[PDB]
Amino acid sequence: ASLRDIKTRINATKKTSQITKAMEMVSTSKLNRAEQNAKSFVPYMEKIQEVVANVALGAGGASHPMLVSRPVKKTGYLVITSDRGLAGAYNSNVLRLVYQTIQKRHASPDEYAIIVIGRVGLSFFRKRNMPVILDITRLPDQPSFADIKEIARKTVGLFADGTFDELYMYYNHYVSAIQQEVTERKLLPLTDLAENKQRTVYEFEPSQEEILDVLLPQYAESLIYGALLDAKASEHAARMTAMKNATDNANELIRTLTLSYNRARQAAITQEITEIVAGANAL
Amino acid sequence: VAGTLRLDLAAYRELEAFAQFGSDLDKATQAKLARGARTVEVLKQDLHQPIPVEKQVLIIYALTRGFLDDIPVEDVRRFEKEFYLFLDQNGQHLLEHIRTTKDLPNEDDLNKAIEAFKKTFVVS
Amino acid sequence: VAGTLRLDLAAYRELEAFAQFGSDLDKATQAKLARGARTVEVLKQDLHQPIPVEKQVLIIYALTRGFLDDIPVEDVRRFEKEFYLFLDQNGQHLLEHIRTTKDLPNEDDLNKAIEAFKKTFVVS
Amino acid sequence: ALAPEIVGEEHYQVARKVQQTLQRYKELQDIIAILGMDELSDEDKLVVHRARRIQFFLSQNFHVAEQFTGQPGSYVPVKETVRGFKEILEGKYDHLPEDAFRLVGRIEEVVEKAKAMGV
Amino acid sequence: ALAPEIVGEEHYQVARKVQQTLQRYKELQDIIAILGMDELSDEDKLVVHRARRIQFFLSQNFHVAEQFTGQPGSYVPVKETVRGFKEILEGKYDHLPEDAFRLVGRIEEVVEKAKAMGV
Amino acid sequence: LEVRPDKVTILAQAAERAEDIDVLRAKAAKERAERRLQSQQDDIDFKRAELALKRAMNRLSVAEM
């Protein structure tokens, strides 16, 4: 092609590479902050988990409605997706898994309901006209417990009212900067608890049920919050990796365009000098 | 004095394309951007106003040693213009030493001179 | 009608650059893109089928005044053909007015004729 | 010769639609090369999906080429080609792998190859 | 000729400030077109607010253009232009309507037109 | 509250130090404005970056070569 066209294409590719590199740096900083936020949550989670373990499994206590495996006729689905793109296959993987799971074992819109977090998941479910009942969008890059507590307690109360007998969480689990694993988790009823290594017993100032009925919803909300933090960390890592790959692709394109430019330059010089010499010889 | 200036400008020029996106790494990158912006502001000059080498050396020393890190970017030109007058009024010994020996004066002397000038400068 | 047609087409061309990928656009830009798509559909023409100017001005008037905003994009060509056929039968007076005076007829009559045709027309 | 009054209306429409899809796929090349398939919309993803199949189905096994590959080759009538491309444009074979469309001949051979591949 | 030695210090400063404001306004065209006006920061919207006034005040009514519009036309000395653009940059006329600055000439005519529109 | 003879801990979804329950609800209400502002800024930054990327890609595409 023309030399000027190749030069313009090279300049445009360089601009795109710069933009992608800046986006990657921003994503790296946000990933570091998200990791700090996630690690800030451990002491509360471990303590509430061990308290639930040694209370719910002590002196029986299995009679609580959220502990028994009652027969299921409606199933809940909690899906955590991003509000923004450029994350690669982050949203598509979890959405595809949710769709495949729903189509495999329900085959009826009355058997399930969907709770979705994020714009992309809401749009994906609304395009297929599937029954979304709860949704939250435009979460901050570093969400707190306050802005998720409302929906967490709403879905816990929705289960407690008997609307659906079982629900699952679908989200991306942050393994490393390169690896993010889609995870399916059964939130509740708590069919099993990781019994702690200490195994004590406490006196109950209320009755045991009067303590469990307050403790268990807090445990479910804590689980939801932990899943959300993990999803945010994985989203930031995925965006960082995608931007790095885009920058590498742009660099390779520039590398090939440079060779094309050199060939065009040599050809142009040869043509010009040949024309000049021919014009000189014509006299 | 030129060694630090060269490195500062080189570091700033590569990071300039990423400045419009705000916080990237506030520990180091933000300092680099501010230092580079002040360096760019210092090197600007007007027509038909050559500067003696000693004043250039002193202003570059002030820039590189961090005395301008608190001055806002928009006031660097006026800071330099007033600093030249301050040096004319009170810094004659430093200028004479630089002219005679072609070397920097005693560090504490010009540090104190710059601090005294900064005591009088008012930020707009 | 040419100025409005040109402005709509230019706006569509400008806005189309930001709809290739990524996040979606807001509703006003969606309406502008739909209008531009209908404008592009209108300008298509078959081989060896010249159109009299008095029908071109009428179809462009119908497009620019928003009468095609509810017609699906895939039906615009058939709408134009059936509109020409309708004008051949019931729009003769205003066709003659355009031919003789070289000027656009009353807005009231054009609106009545277009609404009558839209009442007659059936979408796919 | 590609005119409605020479080859028929259906042939002309199918050819024009195929060319339109291929043109759109060519336009999306820079975005696909840099940012990948993830950033495309649903409409563009389907366009790429069908364009890959259309591009692979245009390939054919020749009788002369049997000396190179050992495959006997095939002769395809025009109506069969038109019907196959019309079916592909309608999404009837969106579930088949794209490798089953290479050097295949008729459209039924695509299904046979896909079945032999384990689909 | 745009140098302080030729046109003076005040003229040079006013011209440089106008150029900087107009250049800043140009960088926000895509953001305003796509994201919208309400997303801008306070300083950015002040910049565009003054940039619209500056851009409209650069228009003028010409003597030979009278037959187009019927306005007599005006001849503006260079002294008046600098004063008017300095006054606009200071925010002295931020309260006037945007259309008062179109095709007027001297800065007093902006106030006259705004009064004629009933400001 | 969970108590141990050598360890005492209480788990709270929200906590403050003024002991005025009106101050707690005041802080909870005031945090809402900060949350909305942070979410809006996070959205707008990404939108601006995406616009820059879109313009660059459009220029690259129109430079088809």
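Just so it is clear: chains get the letters A, B, ... in the order the sequence lines come, proteins before strands, and each one is counted from 1.
By a heavy-atom distance cut of under 4.5 Å, E:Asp30, E:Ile31, E:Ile34, E:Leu35 are the residues of residues 6-35 of chain E near chain F, going up by number.
In the displayed structure, E:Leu2 atom CG is contacted under 6.0 Å by more than 12 heavy atoms of other residues, nucleotides or ligands. Counted within 6.0 Å of CD on F:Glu34, heavy atoms from surrounding residues, nucleotides or ligands total more than 12; the atom is thus considered enclosed. The environment of CZ in F:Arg17 is sparse: at most 12 heavy-atom neighbours from other residues, nucleotides or ligands sit within 6.0 Å. Heavy atoms from other residues, nucleotides or ligands lying under 6.0 Å from NZ of F:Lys27 number more than 12.
Here the shortest heavy-atom pairing between F:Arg48 and E:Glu39 reads NH2-O, 4.1 Å.
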